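Heads up, the chain below is alone and in the form deposited in one PDB entry; it's given as C-alpha coordinates.
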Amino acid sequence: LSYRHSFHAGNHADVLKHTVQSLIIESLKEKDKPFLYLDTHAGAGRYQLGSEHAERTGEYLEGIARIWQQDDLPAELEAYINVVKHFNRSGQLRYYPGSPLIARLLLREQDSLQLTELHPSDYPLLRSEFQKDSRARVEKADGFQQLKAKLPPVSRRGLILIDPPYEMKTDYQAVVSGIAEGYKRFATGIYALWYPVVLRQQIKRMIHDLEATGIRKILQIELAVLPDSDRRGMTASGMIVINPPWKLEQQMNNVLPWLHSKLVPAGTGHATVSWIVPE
(Lines give C-alpha, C1' and ligand atoms only; values in the text may rest on other atoms or scores of the structure.)
Protein backbone atom coordinates (compact mmCIF):
# COMPACT_ATOMS: atom_id res chain seq x y z
CA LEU A 1 0.00 0.00 0.00
CA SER A 2 1.07 3.59 -0.63
CA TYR A 3 1.76 5.85 2.34
CA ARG A 4 -1.25 7.80 3.67
CA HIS A 5 -1.69 11.43 2.57
CA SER A 6 -2.69 14.06 5.11
CA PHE A 7 -3.60 17.73 4.88
CA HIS A 8 -3.15 18.42 8.61
CA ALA A 9 0.01 16.45 9.39
CA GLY A 10 2.93 18.54 10.64
CA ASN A 11 0.74 21.52 11.51
CA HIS A 12 1.26 23.75 14.58
CA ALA A 13 -0.67 21.23 16.72
CA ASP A 14 1.59 18.33 15.73
CA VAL A 15 4.65 20.50 16.41
CA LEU A 16 3.43 21.07 19.98
CA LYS A 17 2.27 17.46 20.52
CA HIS A 18 5.56 16.00 19.32
CA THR A 19 7.73 18.51 21.15
CA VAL A 20 6.02 17.38 24.35
CA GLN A 21 6.09 13.63 23.49
CA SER A 22 9.83 13.74 22.73
CA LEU A 23 10.68 15.57 25.94
CA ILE A 24 8.72 13.06 28.00
CA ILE A 25 10.38 10.12 26.26
CA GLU A 26 13.87 11.61 26.78
CA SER A 27 13.07 11.96 30.50
CA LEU A 28 11.87 8.37 30.78
CA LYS A 29 15.15 7.27 29.21
CA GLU A 30 17.12 8.73 32.18
CA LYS A 31 16.47 5.50 34.08
CA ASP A 32 18.00 2.37 32.58
CA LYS A 33 14.89 0.31 33.44
CA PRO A 34 12.44 -0.43 30.61
CA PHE A 35 9.23 1.50 29.91
CA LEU A 36 6.13 1.23 27.74
CA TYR A 37 4.88 3.63 25.07
CA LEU A 38 1.12 3.13 24.73
CA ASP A 39 -0.62 4.96 21.87
CA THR A 40 -4.43 4.58 21.95
CA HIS A 41 -5.15 6.11 18.49
CA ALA A 42 -1.96 5.40 16.58
CA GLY A 43 -2.93 6.27 13.00
CA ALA A 44 -0.92 5.18 9.92
CA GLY A 45 2.63 5.64 11.23
CA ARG A 46 3.76 8.30 8.72
CA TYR A 47 2.07 10.79 6.36
CA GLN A 48 2.88 12.13 2.90
CA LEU A 49 2.93 15.94 2.82
CA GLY A 50 1.97 18.37 0.07
CA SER A 51 -1.17 16.69 -1.36
CA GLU A 52 -1.63 14.18 -4.16
CA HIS A 53 -1.68 16.98 -6.78
CA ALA A 54 1.20 18.95 -8.29
CA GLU A 55 1.05 21.96 -5.94
CA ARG A 56 2.67 21.71 -2.49
CA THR A 57 -0.18 22.50 -0.12
CA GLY A 58 -1.04 21.59 3.47
CA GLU A 59 -0.88 22.96 7.02
CA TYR A 60 2.71 21.71 7.45
CA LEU A 61 3.69 24.92 5.63
CA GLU A 62 2.72 26.91 8.73
CA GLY A 63 3.97 24.27 11.18
CA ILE A 64 7.05 22.03 10.95
CA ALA A 65 8.30 23.94 7.84
CA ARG A 66 8.79 27.06 9.97
CA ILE A 67 11.11 25.40 12.52
CA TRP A 68 12.97 22.39 11.15
CA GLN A 69 15.83 24.23 9.46
CA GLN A 70 16.25 27.12 11.86
CA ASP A 71 19.90 27.68 12.82
CA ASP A 72 18.94 28.75 16.36
CA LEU A 73 16.82 25.67 17.15
CA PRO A 74 16.53 25.34 20.93
CA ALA A 75 18.32 22.30 22.38
CA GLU A 76 15.00 21.01 23.72
CA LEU A 77 13.82 20.42 20.15
CA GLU A 78 16.83 18.50 18.83
CA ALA A 79 15.59 14.95 19.49
CA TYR A 80 12.27 15.67 17.76
CA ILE A 81 13.69 17.55 14.76
CA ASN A 82 16.30 14.84 14.20
CA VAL A 83 13.49 12.32 13.79
CA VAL A 84 11.83 14.62 11.21
CA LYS A 85 15.14 14.98 9.37
CA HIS A 86 15.57 11.20 9.29
CA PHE A 87 12.38 10.90 7.20
CA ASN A 88 13.41 13.78 4.93
CA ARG A 89 17.09 13.27 4.17
CA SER A 90 17.00 15.17 0.87
CA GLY A 91 16.26 18.27 2.84
CA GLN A 92 12.78 18.72 1.43
CA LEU A 93 9.58 18.14 3.42
CA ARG A 94 7.87 15.08 1.93
CA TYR A 95 7.00 12.91 4.93
CA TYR A 96 5.92 13.67 8.49
CA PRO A 97 6.18 11.01 11.24
CA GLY A 98 3.18 10.00 13.33
CA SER A 99 3.62 9.71 17.10
CA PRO A 100 4.39 5.97 16.75
CA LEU A 101 7.44 6.65 14.58
CA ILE A 102 8.65 9.39 16.95
CA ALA A 103 8.45 6.68 19.60
CA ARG A 104 10.06 4.04 17.36
CA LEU A 105 13.20 6.13 16.80
CA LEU A 106 13.53 7.49 20.38
CA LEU A 107 12.84 4.36 22.43
CA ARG A 108 15.69 2.00 23.41
CA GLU A 109 16.16 -1.73 22.72
CA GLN A 110 14.60 -2.71 26.06
CA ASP A 111 11.46 -0.58 25.75
CA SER A 112 8.04 -1.62 24.46
CA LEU A 113 5.31 -0.19 22.23
CA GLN A 114 1.61 -0.98 22.30
CA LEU A 115 -0.30 0.57 19.39
CA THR A 116 -3.97 0.47 18.38
CA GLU A 117 -5.73 1.75 15.27
CA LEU A 118 -9.14 0.86 13.82
CA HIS A 119 -9.10 2.56 10.39
CA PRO A 120 -8.84 0.15 7.41
CA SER A 121 -6.32 2.29 5.52
CA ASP A 122 -4.22 3.27 8.54
CA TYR A 123 -3.96 -0.07 10.40
CA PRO A 124 -2.35 -2.11 7.61
CA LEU A 125 0.09 0.72 6.97
CA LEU A 126 0.91 0.86 10.70
CA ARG A 127 1.54 -2.93 10.82
CA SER A 128 3.96 -2.55 7.94
CA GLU A 129 5.90 0.15 9.78
CA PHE A 130 6.58 -2.26 12.65
CA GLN A 131 7.33 -5.55 10.83
CA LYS A 132 10.36 -7.18 12.51
CA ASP A 133 10.40 -4.57 15.26
CA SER A 134 9.62 -7.06 18.00
CA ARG A 135 9.36 -4.30 20.64
CA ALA A 136 5.96 -3.30 19.22
CA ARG A 137 2.54 -4.89 19.42
CA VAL A 138 0.10 -3.48 16.85
CA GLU A 139 -3.59 -4.25 17.12
CA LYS A 140 -6.76 -3.31 15.25
CA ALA A 141 -8.81 -2.44 18.30
CA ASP A 142 -10.61 0.31 20.18
CA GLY A 143 -8.12 2.72 21.74
CA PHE A 144 -9.87 3.63 24.99
CA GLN A 145 -10.40 -0.07 25.80
CA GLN A 146 -6.59 -0.51 25.90
CA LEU A 147 -6.43 1.66 29.00
CA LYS A 148 -8.29 -1.18 30.77
CA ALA A 149 -6.66 -4.10 28.99
CA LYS A 150 -2.97 -3.14 28.83
CA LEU A 151 -2.37 -1.20 32.05
CA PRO A 152 -0.41 -1.40 34.17
CA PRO A 153 2.59 -2.42 32.06
CA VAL A 154 4.78 -5.22 33.35
CA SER A 155 7.64 -2.68 33.33
CA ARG A 156 5.59 -0.43 35.66
CA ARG A 157 6.83 2.61 33.74
CA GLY A 158 5.41 4.40 30.74
CA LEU A 159 3.99 7.14 28.55
CA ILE A 160 0.34 6.83 27.54
CA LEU A 161 -0.32 9.12 24.55
CA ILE A 162 -3.98 9.88 23.82
CA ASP A 163 -4.73 11.69 20.55
CA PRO A 164 -8.46 10.84 20.12
CA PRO A 165 -11.42 11.82 17.88
CA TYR A 166 -13.15 15.04 18.83
CA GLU A 167 -16.18 14.97 16.55
CA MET A 168 -19.12 14.92 18.99
CA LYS A 169 -19.94 15.60 22.68
CA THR A 170 -19.47 11.94 23.62
CA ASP A 171 -15.92 12.13 22.18
CA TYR A 172 -14.90 14.74 24.78
CA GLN A 173 -16.48 12.66 27.56
CA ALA A 174 -14.80 9.43 26.40
CA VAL A 175 -11.43 11.09 26.99
CA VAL A 176 -11.94 11.80 30.68
CA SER A 177 -13.54 8.39 31.39
CA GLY A 178 -10.70 6.58 29.63
CA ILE A 179 -8.01 8.47 31.53
CA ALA A 180 -9.80 7.69 34.80
CA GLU A 181 -9.82 3.98 34.00
CA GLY A 182 -6.14 3.96 33.08
CA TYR A 183 -5.15 5.96 36.16
CA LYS A 184 -7.08 3.53 38.34
CA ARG A 185 -4.87 0.73 37.02
CA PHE A 186 -1.60 2.66 36.67
CA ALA A 187 -1.50 5.78 38.85
CA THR A 188 2.21 6.45 38.28
CA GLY A 189 1.91 6.47 34.48
CA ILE A 190 2.59 9.61 32.46
CA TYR A 191 -0.57 10.49 30.53
CA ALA A 192 -0.30 12.95 27.61
CA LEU A 193 -3.58 14.08 26.06
CA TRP A 194 -3.74 16.22 22.92
CA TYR A 195 -6.77 18.51 22.51
CA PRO A 196 -7.93 21.06 19.87
CA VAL A 197 -9.52 24.45 20.58
CA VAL A 198 -12.45 24.86 18.20
CA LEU A 199 -15.00 25.79 20.86
CA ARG A 200 -13.45 26.91 24.16
CA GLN A 201 -16.56 25.89 26.12
CA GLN A 202 -16.10 22.20 25.25
CA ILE A 203 -12.52 22.38 26.52
CA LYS A 204 -13.61 24.17 29.69
CA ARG A 205 -16.11 21.39 30.38
CA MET A 206 -13.56 18.69 29.61
CA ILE A 207 -11.03 20.19 32.04
CA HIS A 208 -13.75 20.63 34.67
CA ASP A 209 -14.65 16.94 34.30
CA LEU A 210 -10.97 16.02 34.56
CA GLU A 211 -10.58 17.99 37.81
CA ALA A 212 -13.62 16.10 39.11
CA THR A 213 -11.84 12.72 38.89
CA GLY A 214 -9.71 13.71 41.87
CA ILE A 215 -6.55 13.08 39.87
CA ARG A 216 -3.64 15.29 40.96
CA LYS A 217 -0.50 16.59 39.26
CA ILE A 218 -2.01 17.80 35.98
CA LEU A 219 -0.07 20.24 33.77
CA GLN A 220 -1.54 22.21 30.84
CA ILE A 221 0.53 23.47 27.90
CA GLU A 222 -1.35 25.46 25.21
CA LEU A 223 -0.33 27.32 22.05
CA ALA A 224 -2.79 29.47 20.20
CA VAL A 225 -2.20 30.82 16.74
CA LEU A 226 -5.30 33.01 17.07
CA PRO A 227 -7.64 34.31 19.79
CA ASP A 228 -10.56 32.02 20.71
CA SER A 229 -13.43 32.31 18.25
CA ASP A 230 -16.83 30.87 17.40
CA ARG A 231 -16.20 31.25 13.72
CA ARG A 232 -13.02 29.59 12.91
CA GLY A 233 -11.76 26.05 12.85
CA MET A 234 -9.08 25.35 15.27
CA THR A 235 -7.48 28.48 16.67
CA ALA A 236 -5.28 26.63 19.20
CA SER A 237 -4.27 23.28 20.64
CA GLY A 238 -2.72 21.93 23.82
CA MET A 239 -1.22 19.04 25.75
CA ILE A 240 -2.56 18.01 29.16
CA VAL A 241 0.03 15.96 31.05
CA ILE A 242 -0.73 13.86 34.14
CA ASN A 243 2.38 13.13 36.22
CA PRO A 244 4.71 15.27 34.10
CA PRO A 245 8.44 14.51 34.44
CA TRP A 246 10.40 16.79 36.75
CA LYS A 247 11.87 19.01 34.01
CA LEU A 248 8.87 19.34 31.64
CA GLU A 249 7.38 22.54 33.04
CA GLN A 250 10.76 24.30 32.90
CA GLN A 251 11.56 22.91 29.44
CA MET A 252 8.28 24.19 28.04
CA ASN A 253 8.66 27.60 29.66
CA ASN A 254 12.05 27.71 27.90
CA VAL A 255 10.87 26.77 24.37
CA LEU A 256 7.28 28.07 24.04
CA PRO A 257 8.28 31.71 23.38
CA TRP A 258 10.61 30.63 20.55
CA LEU A 259 8.07 28.14 19.18
CA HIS A 260 5.26 30.65 19.21
CA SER A 261 7.47 33.29 17.54
CA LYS A 262 8.33 30.91 14.70
CA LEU A 263 4.91 29.31 14.27
CA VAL A 264 3.04 32.63 14.54
CA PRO A 265 5.15 35.45 13.06
CA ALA A 266 2.25 37.93 13.42
CA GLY A 267 2.30 37.44 17.21
CA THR A 268 -1.41 36.67 17.53
CA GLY A 269 -2.89 34.23 20.05
CA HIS A 270 -0.84 33.11 23.07
CA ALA A 271 1.37 30.44 24.62
CA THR A 272 0.88 29.29 28.23
CA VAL A 273 2.07 26.68 30.75
CA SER A 274 0.06 26.24 33.92
CA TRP A 275 -1.33 23.69 36.39
CA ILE A 276 -4.90 22.42 36.24
CA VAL A 277 -4.36 20.41 39.44
CA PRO A 278 -1.18 21.08 41.50
CA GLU A 279 0.71 18.64 43.69
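The numbering used is simple: start at 1 and walk along the sequence shown. Between two forms, the rigid core is the largest collection of C-alphas that superpose within 1.5 Å. Residues that one form lacks are left out of the comparison.
- If you average the C-alpha B-factors over 30-38 and over 48-56, the higher value belongs to 48-56.
- Just going by the entry, 217-225 versus 232-240 on mean CA temperature factor gives the higher value to 232-240.
- As recorded in the entry, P165 carries the highest CA temperature factor of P196, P165, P100, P152.
- Highest C-alpha temperature factor among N82, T188, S121, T116, as the PDB entry reports it: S121.
- For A212, the recorded CA temperature factor ranks within the highest third of the chain's modelled residues.
- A174: CA B factor in the highest third of modelled residues in this chain (values from the PDB entry).
- In the deposited entry, the Cα temperature factor of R108 sits in the middle third of values across the chain's modelled residues.
- Among the modelled residues of its chain, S90 has a C-alpha B-factor that falls in the middle third, as given in the PDB entry.
- When the modelled residues of the chain are ordered by their C-alpha B factor, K148 lands in the highest third.
The same protein also has a form deposited in another entry, omitted here; what follows describes it.
- A 2 Å or larger CA shift between the shown form and the other one, after fitting on the rigid core, occurs at just one of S51, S27, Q70, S229, namely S51.
- Relative to the superposed core, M168 undergoes a C-alpha shift of no less than 2 Å between the shown form and the other one.
- Compared with the form shown here, the C-alpha atoms of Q48 and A54 sit at least 3 Å closer together in the other entry.
- The pair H53 and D14 is tighter in the other entry: their Cα-Cα distance falls by no less than 3 Å compared with this form.
- Where the rigid core is used as the reference frame, consecutive stretches of 3+ residues with C-alpha displacements of 2 Å or more between the shown form and the other one occur at 1-5, 50-57, 167-169.
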